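Participant: First, the structure itself, so that you have it in front of you.
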Amino acid sequence: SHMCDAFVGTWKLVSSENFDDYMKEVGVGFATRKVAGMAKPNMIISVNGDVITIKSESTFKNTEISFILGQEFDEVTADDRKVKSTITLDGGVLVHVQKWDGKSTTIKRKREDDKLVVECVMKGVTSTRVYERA
Ligand SMILES: O=C(O)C1=C(C(=O)Nc2sc3c(c2-c2nc(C4CC4)no2)CCC(F)(F)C3)CCOC1
Ligand SMILES: [Cl-]
């Protein structure tokens with residue numbers, strides 16, 4: 001067992017706040033924002049040895065990353081940015097930093113009660129997306 005075990009499973013989106021504005025800050029175009037904002041993804045998190053896999057599954061699009069904590073990887077985001085990403089565990093929080101074109105955004109995942117809370121931040125704009133077990 002590992003601390004990361006509290007994340008593993010299949011999670012469904014139950015609430016979203018400020019996501020359109022977060023996407024605007026990131027640079028997502030209008031049509032993608034509208035379709036993304038309508039999505040109700042499932043988030044599937046699994047671990048095999050040192051490799052963590054996170055899959056986001058929705059209508060329109062499925063995206064999946066696999067990574068080792070602390071080890072940078074190149075990532076194509078759901079909005080088609082090519083970014084360089086690093087994910088670490090900081091005091092029980094999974095912290096995902098994405099860098100591209102001199103910009104940065106951070107996505108944090110935290111277990112709070114029976115929820116998986118996702119906080120997305122770009123400059124001063126935060127979006128909070130709450131998932132529950134499917
Ligand atoms: O997993 C999340 O809740 C999180 C995110 C999420 O779900 N984004 C989703 S789902 C989803 C899409 C996007 C999306 N994002 C973005 C920019 C903001 C990054 N452009 O498109 C597009 C296609 C889809 F078919 F509609 C399905 C993004 C932020 O980090 C947590
Ligand atoms: Cl780490």
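Identifiers in the structure tokens: chain A, B, ... in order shown; residue index from 1 per chain; ligand index from 1 in order shown.
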Would you give me, as a tab-separated table, each residue of chain A having an atom within 10 Å of an atom of ligand 2, along with its shortest atom pair and that distance in Å to one decimal, using only C-alpha atoms and all ligand atoms and sorting by chain and residue number?

Facilitator:
residue	atom	partner	partner_atom_place_in_ligand_line	distance
A:68	CA	ligand 2	1 (Cl)	8.5
A:69	CA	ligand 2	1 (Cl)	4.8
A:70	CA	ligand 2	1 (Cl)	5.1
A:71	CA	ligand 2	1 (Cl)	8.7
A:86	CA	ligand 2	1 (Cl)	9.4
A:87	CA	ligand 2	1 (Cl)	7.2
A:88	CA	ligand 2	1 (Cl)	3.8
A:89	CA	ligand 2	1 (Cl)	4.3
A:90	CA	ligand 2	1 (Cl)	6.5
A:91	CA	ligand 2	1 (Cl)	9.3
A:92	CA	ligand 2	1 (Cl)	9.7
A:93	CA	ligand 2	1 (Cl)	9.7
A:94	CA	ligand 2	1 (Cl)	8.3
A:95	CA	ligand 2	1 (Cl)	8.8

Participant: Give me a file of those residues, with N, CA and C atoms, as a PDB file, in the first residue's frame.

Facilitator:
ATOM      1  N   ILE A  68       5.545   8.931 -13.569  1.00  0.00           N
ATOM      2  CA  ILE A  68       6.216   8.613 -12.290  1.00  0.00           C
ATOM      3  C   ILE A  68       6.344   9.928 -11.539  1.00  0.00           C
ATOM      4  N   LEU A  69       6.061   9.923 -10.230  1.00  0.00           N
ATOM      5  CA  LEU A  69       6.126  11.113  -9.438  1.00  0.00           C
ATOM      6  C   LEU A  69       7.481  11.745  -9.531  1.00  0.00           C
ATOM      7  N   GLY A  70       7.535  13.051  -9.785  1.00  0.00           N
ATOM      8  CA  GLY A  70       8.754  13.800  -9.867  1.00  0.00           C
ATOM      9  C   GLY A  70       9.486  13.769 -11.189  1.00  0.00           C
ATOM     10  N   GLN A  71       8.971  13.045 -12.149  1.00  0.00           N
ATOM     11  CA  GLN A  71       9.648  12.828 -13.434  1.00  0.00           C
ATOM     12  C   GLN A  71       8.865  13.509 -14.562  1.00  0.00           C
ATOM     13  N   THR A  86       4.968  17.999 -14.719  1.00  0.00           N
ATOM     14  CA  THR A  86       5.546  17.245 -13.623  1.00  0.00           C
ATOM     15  C   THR A  86       4.479  17.110 -12.570  1.00  0.00           C
ATOM     16  N   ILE A  87       4.311  15.883 -12.023  1.00  0.00           N
ATOM     17  CA  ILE A  87       3.351  15.620 -10.977  1.00  0.00           C
ATOM     18  C   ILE A  87       4.101  15.071  -9.777  1.00  0.00           C
ATOM     19  N   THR A  88       3.829  15.643  -8.622  1.00  0.00           N
ATOM     20  CA  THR A  88       4.452  15.245  -7.389  1.00  0.00           C
ATOM     21  C   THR A  88       3.342  15.059  -6.330  1.00  0.00           C
ATOM     22  N   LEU A  89       3.668  14.406  -5.241  1.00  0.00           N
ATOM     23  CA  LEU A  89       2.823  14.291  -4.099  1.00  0.00           C
ATOM     24  C   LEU A  89       3.408  15.226  -3.035  1.00  0.00           C
ATOM     25  N   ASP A  90       2.690  16.214  -2.547  1.00  0.00           N
ATOM     26  CA  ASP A  90       3.105  17.177  -1.537  1.00  0.00           C
ATOM     27  C   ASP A  90       2.169  17.089  -0.414  1.00  0.00           C
ATOM     28  N   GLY A  91       2.540  16.528   0.718  1.00  0.00           N
ATOM     29  CA  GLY A  91       1.650  16.430   1.802  1.00  0.00           C
ATOM     30  C   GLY A  91       0.283  15.888   1.492  1.00  0.00           C
ATOM     31  N   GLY A  92       0.268  14.778   0.832  1.00  0.00           N
ATOM     32  CA  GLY A  92      -0.992  14.107   0.493  1.00  0.00           C
ATOM     33  C   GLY A  92      -1.791  14.662  -0.683  1.00  0.00           C
ATOM     34  N   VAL A  93      -1.300  15.697  -1.323  1.00  0.00           N
ATOM     35  CA  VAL A  93      -1.944  16.322  -2.464  1.00  0.00           C
ATOM     36  C   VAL A  93      -1.149  15.997  -3.723  1.00  0.00           C
ATOM     37  N   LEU A  94      -1.832  15.568  -4.756  1.00  0.00           N
ATOM     38  CA  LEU A  94      -1.203  15.391  -6.053  1.00  0.00           C
ATOM     39  C   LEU A  94      -1.150  16.697  -6.760  1.00  0.00           C
ATOM     40  N   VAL A  95       0.038  17.176  -7.072  1.00  0.00           N
ATOM     41  CA  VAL A  95       0.244  18.516  -7.643  1.00  0.00           C
ATOM     42  C   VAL A  95       0.807  18.352  -9.053  1.00  0.00           C
TER      43      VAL A  95
END

Participant: Counting only C-alpha atoms, what is within 9 Å of residue 8 of chain A, bar same-chain residues fewer than 5 positions away, as a VMD selection string?

Facilitator: chain A and resid 44 to 47

Participant: So, counting only C-alpha atoms, which residue among A:113, A:80, A:132, A:119 is closest to residue 28 of chain A?

Facilitator: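 Looking only at the distances to residue 28 of chain A, the closest residue turns out to be A:80.
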
Participant: Pick out the residues sitting within 9 Å of residue 125 of chain A, and hand them over as a JSON list (two decimals) with C-alpha atoms, in the first residue's frame; count only C-alpha atoms, and ignore anything fewer than 5 positions along from it in its own chain.

Facilitator:
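Result file follows (selection_2.json):
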[["chain", "number", "residue", "atom", "x", "y", "z"],
["A", 18, "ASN", "CA", -15.35, 28.88, -12.41],
["A", 21, "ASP", "CA", -12.98, 31.49, -16.60],
["A", 22, "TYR", "CA", -10.09, 29.14, -15.84],
["A", 25, "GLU", "CA", -7.13, 32.26, -18.69],
["A", 120, "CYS", "CA", -7.07, 24.35, -11.15]]

Participant: Could you tell me how far atom CA of residue 72 of chain A sits from atom CA of residue 35 of chain A, in Å to one decimal place?

Facilitator: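 Calculated distance between atom CA of residue 35 of chain A and atom CA of residue 72 of chain A is 29.0 Å.
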
Participant: Looking only at strand (DSSP E or B) from DSSP on the backbone, list the matching residues of segment 25-78 of chain A as a list in words.

Facilitator: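 Taking segment 25-78 of chain A and keeping strand (DSSP E or B) only, one gets residues 42, 43, 44, 45, 46, 47, 48, 51, 52, 53, 54, 55, 56, 57, 62, 63, 64, 65, 66, 67, 73, 74, 75 and 76 of chain A.
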
Participant: Write to file, as a CSV table (one decimal), in the first residue's frame, the residues of the selection just made, with C-alpha atoms.

Facilitator:
chain,number,residue,atom,x,y,z
A,42,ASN,CA,-15.2,10.2,-15.3
A,43,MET,CA,-11.6,10.3,-13.8
A,44,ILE,CA,-10.0,6.8,-13.5
A,45,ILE,CA,-6.9,6.7,-11.4
A,46,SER,CA,-4.7,3.6,-11.1
A,47,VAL,CA,-1.3,2.6,-9.9
A,48,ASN,CA,1.1,-0.1,-11.1
A,51,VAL,CA,3.6,4.4,-12.5
A,52,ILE,CA,0.3,6.3,-11.9
A,53,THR,CA,-2.3,6.5,-14.7
A,54,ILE,CA,-5.0,9.1,-14.8
A,55,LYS,CA,-7.7,8.8,-17.5
A,56,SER,CA,-10.4,11.5,-18.1
A,57,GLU,CA,-13.3,10.0,-20.1
A,62,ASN,CA,-10.8,10.6,-23.8
A,63,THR,CA,-7.4,11.7,-22.5
A,64,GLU,CA,-4.9,9.6,-20.5
A,65,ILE,CA,-1.5,10.3,-18.9
A,66,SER,CA,0.9,7.9,-17.2
A,67,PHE,CA,3.8,9.2,-15.1
A,73,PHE,CA,6.8,14.2,-19.2
A,74,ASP,CA,5.5,15.8,-22.3
A,75,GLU,CA,1.7,16.0,-22.4
A,76,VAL,CA,-1.0,16.9,-25.0

Participant: Quick one: which chain A residues come within 9 Å of ligand 1, and what is the nearest atom pair for each with the distance in Å to one decimal, counting only C-alpha atoms and all ligand atoms, rows ordered by chain and ascending number, as a Markdown table?

Facilitator:
| residue | atom | partner | partner_atom_place_in_ligand_line | distance |
| --- | --- | --- | --- | --- |
| A:13 | CA | ligand 1 | 3 (O) | 7.2 |
| A:16 | CA | ligand 1 | 3 (O) | 8.2 |
| A:19 | CA | ligand 1 | 18 (C) | 7.5 |
| A:20 | CA | ligand 1 | 18 (C) | 8.3 |
| A:22 | CA | ligand 1 | 18 (C) | 6.7 |
| A:23 | CA | ligand 1 | 18 (C) | 4.7 |
| A:24 | CA | ligand 1 | 18 (C) | 8.3 |
| A:25 | CA | ligand 1 | 18 (C) | 8.8 |
| A:26 | CA | ligand 1 | 18 (C) | 6.5 |
| A:27 | CA | ligand 1 | 17 (C) | 8.1 |
| A:28 | CA | ligand 1 | 20 (N) | 6.1 |
| A:29 | CA | ligand 1 | 20 (N) | 8.6 |
| A:32 | CA | ligand 1 | 21 (O) | 6.1 |
| A:33 | CA | ligand 1 | 20 (N) | 6.3 |
| A:34 | CA | ligand 1 | 26 (F) | 8.1 |
| A:35 | CA | ligand 1 | 26 (F) | 5.0 |
| A:36 | CA | ligand 1 | 26 (F) | 3.4 |
| A:37 | CA | ligand 1 | 26 (F) | 6.7 |
| A:38 | CA | ligand 1 | 26 (F) | 6.7 |
| A:39 | CA | ligand 1 | 26 (F) | 4.7 |
| A:40 | CA | ligand 1 | 27 (C) | 7.3 |
| A:41 | CA | ligand 1 | 10 (S) | 6.0 |
| A:42 | CA | ligand 1 | 1 (O) | 8.1 |
| A:43 | CA | ligand 1 | 1 (O) | 6.5 |
| A:55 | CA | ligand 1 | 1 (O) | 8.5 |
| A:56 | CA | ligand 1 | 1 (O) | 6.0 |
| A:57 | CA | ligand 1 | 27 (C) | 6.9 |
| A:58 | CA | ligand 1 | 25 (F) | 4.8 |
| A:59 | CA | ligand 1 | 25 (F) | 4.9 |
| A:60 | CA | ligand 1 | 25 (F) | 4.0 |
| A:61 | CA | ligand 1 | 25 (F) | 3.8 |
| A:62 | CA | ligand 1 | 25 (F) | 6.6 |
| A:63 | CA | ligand 1 | 27 (C) | 8.2 |
| A:77 | CA | ligand 1 | 19 (C) | 6.6 |
| A:78 | CA | ligand 1 | 21 (O) | 4.6 |
| A:79 | CA | ligand 1 | 20 (N) | 3.9 |
| A:80 | CA | ligand 1 | 20 (N) | 7.7 |
| A:81 | CA | ligand 1 | 17 (C) | 8.6 |
| A:106 | CA | ligand 1 | 30 (O) | 8.3 |
| A:107 | CA | ligand 1 | 30 (O) | 5.7 |
| A:108 | CA | ligand 1 | 31 (C) | 8.3 |
| A:109 | CA | ligand 1 | 31 (C) | 8.6 |
| A:117 | CA | ligand 1 | 3 (O) | 8.9 |
| A:118 | CA | ligand 1 | 31 (C) | 6.2 |
| A:119 | CA | ligand 1 | 31 (C) | 7.2 |
| A:120 | CA | ligand 1 | 30 (O) | 5.6 |
| A:121 | CA | ligand 1 | 29 (C) | 8.6 |
| A:127 | CA | ligand 1 | 29 (C) | 8.1 |
| A:128 | CA | ligand 1 | 3 (O) | 8.4 |
| A:129 | CA | ligand 1 | 3 (O) | 5.7 |
| A:130 | CA | ligand 1 | 3 (O) | 7.8 |
| A:131 | CA | ligand 1 | 3 (O) | 8.1 |

Participant: Just the selected residues (C-alpha atoms), exported as a short mmCIF file (atom, residue, chain, number, x, y, z; two decimals), in the first residue's frame, please.

Facilitator:
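In the end it all went to result_28.cif:
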data_model
loop_
_atom_site.label_atom_id
_atom_site.label_comp_id
_atom_site.auth_asym_id
_atom_site.auth_seq_id
_atom_site.Cartn_x
_atom_site.Cartn_y
_atom_site.Cartn_z
CA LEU A 13 -17.81 14.82 -11.78
CA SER A 16 -17.77 22.59 -11.21
CA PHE A 19 -14.20 26.44 -15.05
CA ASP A 20 -15.07 28.67 -18.02
CA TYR A 22 -10.09 29.14 -15.84
CA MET A 23 -10.23 27.98 -19.44
CA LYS A 24 -10.29 31.56 -20.71
CA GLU A 25 -7.13 32.26 -18.69
CA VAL A 26 -5.44 29.23 -20.14
CA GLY A 27 -6.31 30.38 -23.65
CA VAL A 28 -8.98 27.84 -24.64
CA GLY A 29 -11.09 29.01 -27.55
CA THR A 32 -13.77 24.07 -26.95
CA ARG A 33 -14.76 25.90 -23.77
CA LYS A 34 -18.41 25.31 -24.47
CA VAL A 35 -18.03 21.58 -25.20
CA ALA A 36 -15.57 21.11 -22.30
CA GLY A 37 -17.82 22.91 -19.91
CA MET A 38 -20.68 20.62 -20.81
CA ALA A 39 -18.63 17.47 -20.21
CA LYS A 40 -19.26 15.24 -17.20
CA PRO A 41 -16.06 13.23 -17.23
CA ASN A 42 -15.17 10.23 -15.25
CA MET A 43 -11.62 10.28 -13.81
CA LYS A 55 -7.70 8.80 -17.50
CA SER A 56 -10.36 11.50 -18.14
CA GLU A 57 -13.26 9.95 -20.06
CA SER A 58 -16.07 12.10 -21.60
CA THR A 59 -18.24 12.60 -24.64
CA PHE A 60 -16.31 14.18 -27.36
CA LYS A 61 -12.90 13.03 -25.87
CA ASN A 62 -10.82 10.57 -23.75
CA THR A 63 -7.40 11.70 -22.47
CA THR A 77 -3.84 18.52 -23.10
CA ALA A 78 -7.52 18.11 -23.85
CA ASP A 79 -7.46 21.55 -25.53
CA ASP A 80 -4.42 20.48 -27.62
CA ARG A 81 -1.63 22.42 -25.88
CA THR A 106 -1.25 24.00 -11.56
CA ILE A 107 -3.89 21.32 -11.00
CA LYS A 108 -4.17 19.92 -7.48
CA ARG A 109 -6.08 16.78 -6.52
CA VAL A 117 -11.41 17.79 -5.15
CA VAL A 118 -9.62 19.21 -8.17
CA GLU A 119 -8.36 22.79 -7.97
CA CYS A 120 -7.07 24.35 -11.15
CA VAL A 121 -5.22 27.55 -11.02
CA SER A 127 -11.62 26.55 -10.66
CA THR A 128 -12.84 23.88 -8.31
CA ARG A 129 -14.18 20.60 -9.70
CA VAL A 130 -15.57 18.00 -7.29
CA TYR A 131 -15.70 14.27 -8.02
#
